[PDB]
Amino acid sequence: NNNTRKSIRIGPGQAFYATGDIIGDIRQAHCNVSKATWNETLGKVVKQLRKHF
Amino acid sequence: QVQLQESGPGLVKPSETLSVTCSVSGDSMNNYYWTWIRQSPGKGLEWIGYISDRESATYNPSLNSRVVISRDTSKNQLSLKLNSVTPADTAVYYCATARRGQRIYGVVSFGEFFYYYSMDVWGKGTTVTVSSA
Amino acid sequence: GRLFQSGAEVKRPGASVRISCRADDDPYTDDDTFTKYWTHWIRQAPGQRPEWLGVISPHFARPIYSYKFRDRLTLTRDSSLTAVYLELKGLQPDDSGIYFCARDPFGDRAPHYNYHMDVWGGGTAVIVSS
Amino acid sequence: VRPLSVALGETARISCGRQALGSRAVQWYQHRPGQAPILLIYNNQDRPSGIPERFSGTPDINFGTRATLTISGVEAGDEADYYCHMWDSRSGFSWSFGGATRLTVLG
Amino acid sequence: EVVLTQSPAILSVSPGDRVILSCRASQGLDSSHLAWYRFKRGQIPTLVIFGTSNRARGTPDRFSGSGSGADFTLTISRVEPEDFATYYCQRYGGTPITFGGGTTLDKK
Ligand SMILES: *[C@@H]1O[C@H](CO)[C@@H](O[C@@H]2O[C@H](CO)[C@@H](O[C@@H]3O[C@H](CO[C@H]4O[C@H](CO[C@H]5O[C@H](CO)[C@@H](O)[C@H](O)[C@@H]5O)[C@@H](O)[C@H](O[C@H]5O[C@H](CO)[C@@H](O)[C@H](O)[C@@H]5O)[C@@H]4O)[C@@H](O)[C@H](O[C@H]4O[C@H](CO)[C@@H](O)[C@H](O)[C@@H]4O[C@H]4O[C@H](CO)[C@@H](O)[C@H](O)[C@@H]4O[C@H]4O[C@H](CO)[C@@H](O)[C@H](O)[C@@H]4O)[C@@H]3O)[C@H](O)[C@H]2NC(C)=O)[C@H](O)[C@H]1NC(C)=O
Ligand SMILES: *[C@@H]1O[C@H](CO)[C@@H](O[C@@H]2O[C@H](CO)[C@@H](O[C@@H]3O[C@H](CO[C@H]4O[C@H](CO)[C@@H](O)[C@H](O[C@H]5O[C@H](CO)[C@@H](O)[C@H](O)[C@@H]5O)[C@@H]4O)[C@@H](O)[C@H](O[C@H]4O[C@H](CO)[C@@H](O)[C@H](O)[C@@H]4O)[C@@H]3O)[C@H](O)[C@H]2NC(C)=O)[C@H](O)[C@H]1NC(C)=O
Ligand SMILES: *[C@@H]1O[C@H](CO)[C@@H](O[C@@H]2O[C@H](CO)[C@@H](O[C@@H]3O[C@H](CO[C@H]4O[C@H](CO)[C@@H](O)[C@H](O)[C@@H]4O)[C@@H](O)[C@H](O)[C@@H]3O)[C@H](O)[C@H]2NC(C)=O)[C@H](O)[C@H]1NC(C)=O
Ligand SMILES: *[C@@H]1O[C@H](CO)[C@@H](O[C@@H]2O[C@H](CO)[C@@H](O[C@@H]3O[C@H](CO[C@H]4O[C@H](CO)[C@@H](O)[C@H](O)[C@@H]4O)[C@@H](O)[C@H](O)[C@@H]3O)[C@H](O)[C@H]2NC(C)=O)[C@H](O)[C@H]1NC(C)=O
Ligand SMILES: *[C@@H]1O[C@H](CO)[C@@H](O[C@@H]2O[C@H](CO)[C@@H](O)[C@H](O)[C@H]2NC(C)=O)[C@H](O)[C@H]1NC(C)=O
Ligand SMILES: *[C@@H]1O[C@H](CO)[C@@H](O)[C@H](O)[C@H]1NC(C)=O
């Protein structure tokens with residue numbers, strides 16, 4: 001989301017920071033991981049984990 | 001190719017139903033959504049509703065839900081009837097077919113798209129007058 | 001970081017232009033630039049080297065003017081102490097150019113006393129035509 | 001209804017009356033009186049086959065652009081009602097075709 | 001009045017060469033009082049070198065400066081494609097602050 005910040009004067013010298021408009025689409029925040037890289041790292045973790053169990 | 005030709009009486013007394021039908025020639029109901037658009041004098045076009053092969057009747061909320069849109073592949077033709085017609089409902093009635101597109105702006109597994117309808121093949125329209133005179 | 005100037009101006013000959021310079025576009029900021037640094041005002045006409053107009057002090061907004069601009073330039077700080085202003089009166093077609101504000105310790109900061117316009121801002125294009 | 005008048009051989013530029021809030025998909029319709037409505041532009045820029053390469057829409061690239069239909073070299077026949085069916089991502093289902101723009105060619 | 005003269009107004013070079021830019025003063029500078037500035041059209045001006053030899057904060061090690069008296073040089077060790085701009089020297093130590101005319105770099 002393209003966020004707009006808005007300053008509100010709430011007291012003498014005091015500014016509250018609000019969210020104003022979203023500019024463009026409303027979308028969800030998200031994270032991406034490479035699927036093959038994550039699977040290979042999980043295999044390495046599983047192999048180091050089988051030495052204890 | 002898709003041909004489509006409307007049909008209707010044109011002479012309807014107020015406070016009853018009005019039926020306009022739409023016969024499609026050239027092929028069957030393969031690809032298409034089917035929609036109805038009326039145009040009254042003194043104002044612009046007006047989308048009134050659309051259906052598809054799943055028979056999901058979706059109407060304009062601006063037209064009171066007095067409307068019934070149906071179709072059949074036995075006769076292979078479309079049909080429209082609205083209930084309790086007032087004399088302000090005189091208009092040219094166009095039968096049209098609609099393609100659905102999806103506009104994708106983000107992640108599709110989050111549902112960040114929408115569907116839109118483009119009416120590509122139209123018809124001439126029936127000039128249906130409603131009056132008791 | 002950066003300096004935020006007002007928008008480009010088109011003026012008549014004999015009029016006045018007023019340019020702003022802020023270190024923060026937040027109107028209710030507490031940035032305290034312009035109480036720590038000197039702010040230079042520097043124009044560049046097309047086809048010329050940069051020309052220095054004046055500098056305003058952090059100390060109580062005391063201005064030093066160039067002698068060729070002294071009779072028609074005013075350098076002001078906002079009473080909120082978070083913006084500085086240039087006012088050039090009696091405009092002529094050779095006053096057209098890009099105007100910059102620049103920020104400088106100006107030999108006044110207590111460890112090393114250096115001199116550098118280290119943060120420049122933007123540039124307001126000023127056109128004088130009729 | 002919004003009238004707009006353009007001389008022959010010039011370029012007419014019909015703006016959409018509605019503004020998009022978000023990514024749009026804009027259909028442009030041409031409606032002569034007594035004739036059937038004709039789809040000129042769909043998906044903000046795409047012409048269906050059978051539409052001349054004088055109609056253009058503005059593509060939805062780098063949000064902030066207004067949707068305009070551009071008619072280059074307006075004929076005597078290119079005068080009708082023009083509808084901008086505007087769909088976007090923050091407005092829901094677009095039941096309205098919008099207000100028309102009656103083009104008049106001058107001469 | 002101190003006048004600064006920058007000797008070649010246009011200078012042509014290939015990306016990866018060593019370039020000398022020169023500033024000549026009318027008198028005797030303090031050498032805490034000479035700086036260099038990068039001007040390109042459509043971009044924010046940037047301090048390159050202050051105090052005749054000190055690099056700025058966002059300034060790479062390919063730039064250095066030297067000089068004394070009335071002779072000052074800004075040398076670029078390896079020319080990059082973003083170093084193709086006008087470079088100005090300016091002098092502190094009296095008002096009006098004066099700039100130096102400018103040496104523009106274009107590629108071969
Ligand atoms: C984490 O990972 C996830 C992965 O899950 C990432 O998620 C991705 O997030 C991005 C957003 O950041 C999404 O991007 C949007 O994608 C859509 C969908 O694109 C697909 O569909 C397009 C249309 O398909 C049409 O044609 C095909 C036949 O080709 C047909 O099958 C279909 O039915 C339909 O008819 C394809 O064009 C597109 O192809 C892309 O990839 C091809 C191969 O990779 C490549 O060859 C292509 O060149 C193209 O790049 C793909 O299959 C895009 O439509 C959308 O882009 C439009 O929207 C944005 C925002 O509105 C706009 O700014 C863009 O400029 C672009 O707008 C153009 O298209 C509109 C519709 O087409 C049109 O209305 C506009 O006017 C504008 O049109 C201009 O360009 C087009 C061509 O570009 C031209 O024809 C016009 O005339 C005009 O010039 C977004 O990019 C991803 O969908 C999403 N991925 C998934 C899997 O969900 C996430 O980002 C990651 N996060 C992080 C932090 O990393
Ligand atoms: C008040 O403000 C004024 C105005 O700035 C100050 O006056 C200047 O002070 C600076 C102090 O750094 C002076 O610079 C020094 O100059 C001396 C003497 O220069 C002569 O001797 C040199 C031999 O060493 C010779 O090379 C010089 O020739 C160059 O300069 C002339 C111009 O003067 C030029 O025409 C030539 O072509 C040459 O380019 C010149 O004949 C010099 O000895 C100093 O060098 C030392 O320091 C530098 C850097 O620190 C170092 O690199 C050297 O190796 C050497 O160790 C230094 O350059 C400047 O000359 C003064 N200018 C004027 C106009 O007066 C004044 O000092 C201020 N007062 C106070 C109290 O602050
Ligand atoms: C998030 O939304 C922002 C809107 O609030 C987007 O900012 C816009 O970005 C474009 C280009 O990225 C800018 O277009 C430029 O405009 C200037 C002239 O504008 C000047 O004047 C306005 C007010 O008059 C001022 O607000 C600007 O800051 C400028 O000082 C041209 O010179 C450029 O060539 C270019 O056309 C928009 O001006 C800008 N709008 C605002 C309000 O800042 C931002 O791009 C969005 N971000 C993302 C990632 O989508
Ligand atoms: C806190 O409150 C203060 C008091 O209301 C605010 O200060 C005033 O803000 C207004 C609007 O920004 C300024 O008016 C502007 O003046 C400039 C030019 O200044 C000349 O004219 C004014 C009268 O307008 C005169 O008083 C001066 O001496 C100058 O001769 C114009 O270009 C503008 O169009 C606008 O009219 C006031 O000048 C300003 N100061 C005072 C003392 O009233 C202050 O902005 C508030 N702070 C915050 C952070 O919001
Ligand atoms: C995370 O973002 C980085 C960019 O910071 C992506 O890395 C780039 O990937 C493309 C295509 O694979 C390469 O051409 C670039 O050279 C990569 N590096 C940079 C700096 O752009 C990476 O693909 C992203 N990862 C995920 C999982 O989305
Ligand atoms: C991860 O790798 C293992 C072995 O390499 C494989 O059995 C498994 O299917 C992989 N999982 C995914 C999600 O790729």
# chains A, B, ... in the order shown; residues from 1 in each chain; ligands from 1

$ interface_residues --of "chain D" --to "chain B" --cutoff "12 Å" --atoms "only C-alpha atoms" --output "PyMOL selection string"
chain D and resi 1-2+22-44+46-51+60-63+81-102

$ select_by_dssp --residues "chain C" --states "strand (DSSP E or B)" --output "number ranges by chain"
C: 4-5, 9-11, 17-22, 38-44, 51-56, 63-65, 73-77, 83-88, 97-104, 119-128

$ write_last_selection --atoms "C-alpha atoms" --output "mmCIF file, in the first residue's frame"
data_model
loop_
_atom_site.group_PDB
_atom_site.id
_atom_site.type_symbol
_atom_site.label_atom_id
_atom_site.label_comp_id
_atom_site.auth_asym_id
_atom_site.auth_seq_id
_atom_site.Cartn_x
_atom_site.Cartn_y
_atom_site.Cartn_z
ATOM 1 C CA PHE C 4 12.630 20.956 0.122
ATOM 2 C CA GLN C 5 11.970 24.042 -1.980
ATOM 3 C CA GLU C 9 7.497 30.498 -10.595
ATOM 4 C CA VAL C 10 6.543 32.633 -13.593
ATOM 5 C CA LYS C 11 6.678 36.358 -12.882
ATOM 6 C CA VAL C 17 9.221 36.216 -5.972
ATOM 7 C CA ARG C 18 9.189 34.361 -2.637
ATOM 8 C CA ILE C 19 10.851 30.946 -2.337
ATOM 9 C CA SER C 20 10.721 28.603 0.654
ATOM 10 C CA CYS C 21 13.273 26.064 1.877
ATOM 11 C CA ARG C 22 12.528 23.354 4.442
ATOM 12 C CA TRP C 38 23.628 28.627 7.770
ATOM 13 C CA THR C 39 21.506 28.564 4.636
ATOM 14 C CA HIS C 40 22.964 29.900 1.397
ATOM 15 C CA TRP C 41 20.879 31.025 -1.556
ATOM 16 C CA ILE C 42 22.507 30.484 -4.951
ATOM 17 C CA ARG C 43 21.115 31.049 -8.414
ATOM 18 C CA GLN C 44 22.202 29.741 -11.800
ATOM 19 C CA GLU C 51 25.956 33.187 -8.365
ATOM 20 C CA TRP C 52 25.695 33.536 -4.587
ATOM 21 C CA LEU C 53 22.865 35.737 -3.357
ATOM 22 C CA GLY C 54 23.121 35.679 0.406
ATOM 23 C CA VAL C 55 23.291 33.518 3.478
ATOM 24 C CA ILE C 56 21.082 33.424 6.554
ATOM 25 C CA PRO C 63 21.243 37.722 6.916
ATOM 26 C CA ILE C 64 24.418 38.482 5.005
ATOM 27 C CA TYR C 65 23.622 39.852 1.562
ATOM 28 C CA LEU C 73 16.737 40.849 -1.499
ATOM 29 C CA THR C 74 15.274 39.828 1.848
ATOM 30 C CA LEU C 75 16.169 36.605 3.666
ATOM 31 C CA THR C 76 13.761 35.488 6.362
ATOM 32 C CA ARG C 77 13.281 32.605 8.744
ATOM 33 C CA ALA C 83 11.644 27.108 7.182
ATOM 34 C CA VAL C 84 13.681 29.858 5.528
ATOM 35 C CA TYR C 85 12.526 32.218 2.788
ATOM 36 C CA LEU C 86 14.019 34.224 -0.045
ATOM 37 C CA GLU C 87 12.251 37.314 -1.354
ATOM 38 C CA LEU C 88 13.620 38.939 -4.508
ATOM 39 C CA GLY C 97 17.244 30.874 -13.442
ATOM 40 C CA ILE C 98 17.286 27.953 -11.062
ATOM 41 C CA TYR C 99 17.475 29.005 -7.413
ATOM 42 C CA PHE C 100 19.022 26.728 -4.793
ATOM 43 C CA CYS C 101 19.161 26.699 -1.044
ATOM 44 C CA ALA C 102 22.190 25.022 0.488
ATOM 45 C CA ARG C 103 23.084 24.149 4.044
ATOM 46 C CA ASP C 104 26.466 24.959 5.565
ATOM 47 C CA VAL C 119 23.130 19.475 1.678
ATOM 48 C CA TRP C 120 21.618 21.180 -1.348
ATOM 49 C CA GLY C 121 18.011 21.294 -2.245
ATOM 50 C CA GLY C 122 16.208 20.815 -5.486
ATOM 51 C CA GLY C 123 16.040 24.102 -7.271
ATOM 52 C CA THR C 124 13.130 26.420 -7.947
ATOM 53 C CA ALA C 125 12.980 27.519 -11.576
ATOM 54 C CA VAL C 126 12.090 31.215 -11.787
ATOM 55 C CA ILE C 127 11.085 32.708 -15.143
ATOM 56 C CA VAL C 128 10.683 36.463 -15.582
#

$ residues_near_ligand --ligand "ligand 5" --cutoff "8 Å" --atoms "only C-alpha atoms and all ligand atoms" --output "list in words"
residues 32, 33, 34 and 35 of chain A

$ residues_near_ligand --ligand "ligand 4" --cutoff "8 Å" --atoms "only C-alpha atoms and all ligand atoms" --output "list in words"
residues 18, 27, 28, 29, 78, 79 and 80 of chain C

$ residues_around --residues "residue 72 (chain E)" --least-positions-apart "6" --cutoff "8 Å" --atoms "only C-alpha atoms" --output "ChimeraX atom specification"
/E:22-24,52,65-66

$ residues_near_ligand --ligand "ligand 6" --cutoff "8 Å" --atoms "only C-alpha atoms and all ligand atoms" --output "ChimeraX atom specification"
/A:35-36,39-40,42-43

$ residues_near_ligand --ligand "ligand 3" --cutoff "8 Å" --atoms "only C-alpha atoms and all ligand atoms" --output "list in words"
residues 2, 3, 4, 23 and 24 of chain A; 6 and 7 of chain C; 62 and 63 of chain D

$ write_last_selection --atoms "C-alpha atoms" --output "PDB file, in the first residue's frame"
ATOM      1  CA  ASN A   2       1.166   3.501  -0.895  1.00  0.00           C
ATOM      2  CA  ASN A   3       0.595   5.087   2.501  1.00  0.00           C
ATOM      3  CA  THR A   4      -0.057   8.767   3.142  1.00  0.00           C
ATOM      4  CA  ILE A  23      -3.064   5.801  -3.167  1.00  0.00           C
ATOM      5  CA  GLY A  24      -3.837   3.040  -5.641  1.00  0.00           C
TER       6      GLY A  24
ATOM      7  CA  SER C   6       8.750  25.545  -3.262  1.00  0.00           C
ATOM      8  CA  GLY C   7       7.520  25.253  -6.827  1.00  0.00           C
TER       9      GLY C   7
ATOM     10  CA  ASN D  62       2.072   3.671 -13.410  1.00  0.00           C
ATOM     11  CA  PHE D  63      -1.113   4.609 -11.474  1.00  0.00           C
TER      12      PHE D  63
END

$ residues_near_ligand --ligand "ligand 2" --cutoff "8 Å" --atoms "only C-alpha atoms and all ligand atoms" --output "VMD selection string"
chain E and resid 25 to 31 67 to 71 93

$ residues_around --residues "residue 14 (chain B)" --least-positions-apart "3" --cutoff "8 Å" --atoms "only C-alpha atoms" --output "ChimeraX atom specification"
/B:84-87,130-132

$ write_last_selection --atoms "N, CA, C and O atoms" --output "PDB file, in the first residue's frame"
ATOM      1  N   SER B  84     -44.541  -5.698 -13.074  1.00  0.00           N
ATOM      2  CA  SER B  84     -45.172  -4.431 -12.675  1.00  0.00           C
ATOM      3  C   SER B  84     -44.577  -3.229 -13.416  1.00  0.00           C
ATOM      4  O   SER B  84     -43.998  -2.322 -12.820  1.00  0.00           O
ATOM      5  N   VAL B  85     -44.739  -3.240 -14.734  1.00  0.00           N
ATOM      6  CA  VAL B  85     -44.130  -2.225 -15.589  1.00  0.00           C
ATOM      7  C   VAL B  85     -44.897  -0.916 -15.455  1.00  0.00           C
ATOM      8  O   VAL B  85     -46.119  -0.882 -15.611  1.00  0.00           O
ATOM      9  N   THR B  86     -44.183   0.159 -15.169  1.00  0.00           N
ATOM     10  CA  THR B  86     -44.709   1.512 -15.193  1.00  0.00           C
ATOM     11  C   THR B  86     -44.512   2.123 -16.576  1.00  0.00           C
ATOM     12  O   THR B  86     -43.697   1.637 -17.364  1.00  0.00           O
ATOM     13  N   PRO B  87     -45.263   3.180 -16.927  1.00  0.00           N
ATOM     14  CA  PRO B  87     -45.041   3.843 -18.229  1.00  0.00           C
ATOM     15  C   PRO B  87     -43.700   4.542 -18.377  1.00  0.00           C
ATOM     16  O   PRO B  87     -43.362   4.947 -19.498  1.00  0.00           O
ATOM     17  N   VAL B 130     -44.628   1.268 -23.521  1.00  0.00           N
ATOM     18  CA  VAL B 130     -45.576   0.887 -22.483  1.00  0.00           C
ATOM     19  C   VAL B 130     -46.521   2.056 -22.221  1.00  0.00           C
ATOM     20  O   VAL B 130     -46.096   3.155 -21.837  1.00  0.00           O
ATOM     21  N   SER B 131     -47.806   1.815 -22.469  1.00  0.00           N
ATOM     22  CA  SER B 131     -48.862   2.797 -22.278  1.00  0.00           C
ATOM     23  C   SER B 131     -50.190   2.061 -22.265  1.00  0.00           C
ATOM     24  O   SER B 131     -50.331   1.011 -22.897  1.00  0.00           O
ATOM     25  N   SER B 132     -51.151   2.608 -21.527  1.00  0.00           N
ATOM     26  CA  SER B 132     -52.512   2.097 -21.563  1.00  0.00           C
ATOM     27  C   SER B 132     -53.306   2.632 -22.748  1.00  0.00           C
ATOM     28  O   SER B 132     -54.297   2.008 -23.140  1.00  0.00           O
TER      29      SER B 132
END

$ interface_residues --of "chain E" --to "chain C" --cutoff "8 Å" --atoms "only C-alpha atoms" --output "PyMOL selection string"
chain E and resi 32-33+35+43-47+50-51+56+92+95-102

$ interface_residues --of "chain A" --to "chain B" --cutoff "9 Å" --atoms "only C-alpha atoms" --output "short mmCIF file (atom, residue, chain, number, x, y, z; two decimals) with N, CA, C and O atoms, in the first residue's frame"
data_model
loop_
_atom_site.label_atom_id
_atom_site.label_comp_id
_atom_site.auth_asym_id
_atom_site.auth_seq_id
_atom_site.Cartn_x
_atom_site.Cartn_y
_atom_site.Cartn_z
N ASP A 25 -4.10 0.68 -5.17
CA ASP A 25 -4.76 -0.52 -4.71
C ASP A 25 -4.54 -0.77 -3.22
O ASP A 25 -3.53 -0.38 -2.64
N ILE A 26 -5.51 -1.46 -2.62
CA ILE A 26 -5.37 -2.03 -1.28
C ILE A 26 -4.89 -3.46 -1.46
O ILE A 26 -5.59 -4.29 -2.04
N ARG A 27 -3.69 -3.76 -0.98
CA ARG A 27 -3.13 -5.09 -1.08
C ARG A 27 -2.62 -5.54 0.28
O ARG A 27 -2.46 -4.73 1.19
N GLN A 28 -2.37 -6.84 0.41
CA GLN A 28 -1.88 -7.42 1.65
C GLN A 28 -0.36 -7.39 1.70
O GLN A 28 0.31 -7.62 0.70
#

$ interface_residues --of "chain A" --to "chain C" --cutoff "8 Å" --atoms "only C-alpha atoms" --output "ChimeraX atom specification"
/A:7,9,13,15

$ closest_residue --among "B:6, B:55, B:89, B:27" --to "residue 76 (chain B)" --atoms "only C-alpha atoms"
B:27

$ atom_distance --atom1 "atom 21 (O, counted along the ligand's line) of ligand 1" --atom2 "CA of residue 53 (chain B)"
24.8 Å

$ residues_around --residues "region 32-35 of chain B" --least-positions-apart "6" --cutoff "6 Å" --atoms "only C-alpha atoms" --output "ChimeraX atom specification"
/B:49-52,96-98

$ write_last_selection --atoms "N, CA, C and O atoms" --output "mmCIF file, in the first residue's frame"
data_model
loop_
_atom_site.group_PDB
_atom_site.id
_atom_site.type_symbol
_atom_site.label_atom_id
_atom_site.label_comp_id
_atom_site.auth_asym_id
_atom_site.auth_seq_id
_atom_site.Cartn_x
_atom_site.Cartn_y
_atom_site.Cartn_z
ATOM 1 N N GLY B 49 -28.931 -6.505 -16.277
ATOM 2 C CA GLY B 49 -28.612 -7.808 -15.723
ATOM 3 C C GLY B 49 -27.918 -8.684 -16.737
ATOM 4 O O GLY B 49 -27.808 -8.349 -17.922
ATOM 5 N N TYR B 50 -27.469 -9.835 -16.243
ATOM 6 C CA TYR B 50 -26.693 -10.794 -17.014
ATOM 7 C C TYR B 50 -26.779 -12.151 -16.332
ATOM 8 O O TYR B 50 -26.929 -12.228 -15.113
ATOM 9 N N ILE B 51 -26.693 -13.213 -17.133
ATOM 10 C CA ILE B 51 -26.590 -14.586 -16.657
ATOM 11 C C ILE B 51 -25.521 -15.303 -17.471
ATOM 12 O O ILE B 51 -24.931 -14.748 -18.398
ATOM 13 N N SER B 52 -25.291 -16.561 -17.118
ATOM 14 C CA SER B 52 -24.301 -17.396 -17.786
ATOM 15 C C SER B 52 -24.833 -18.824 -17.817
ATOM 16 O O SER B 52 -26.000 -19.070 -17.496
ATOM 17 N N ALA B 96 -27.311 -8.482 -25.517
ATOM 18 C CA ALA B 96 -25.884 -8.422 -25.772
ATOM 19 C C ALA B 96 -25.213 -9.628 -25.145
ATOM 20 O O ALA B 96 -25.746 -10.254 -24.231
ATOM 21 N N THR B 97 -24.040 -9.960 -25.656
ATOM 22 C CA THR B 97 -23.230 -10.991 -25.038
ATOM 23 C C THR B 97 -21.952 -10.385 -24.472
ATOM 24 O O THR B 97 -21.379 -9.439 -25.019
ATOM 25 N N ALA B 98 -21.536 -10.929 -23.336
ATOM 26 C CA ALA B 98 -20.463 -10.359 -22.539
ATOM 27 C C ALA B 98 -19.350 -11.371 -22.333
ATOM 28 O O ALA B 98 -19.605 -12.549 -22.052
#

$ residues_around --residues "residue 12 (chain E)" --least-positions-apart "4" --cutoff "7 Å" --atoms "only C-alpha atoms" --output "PyMOL selection string"
chain E and resi 105-108
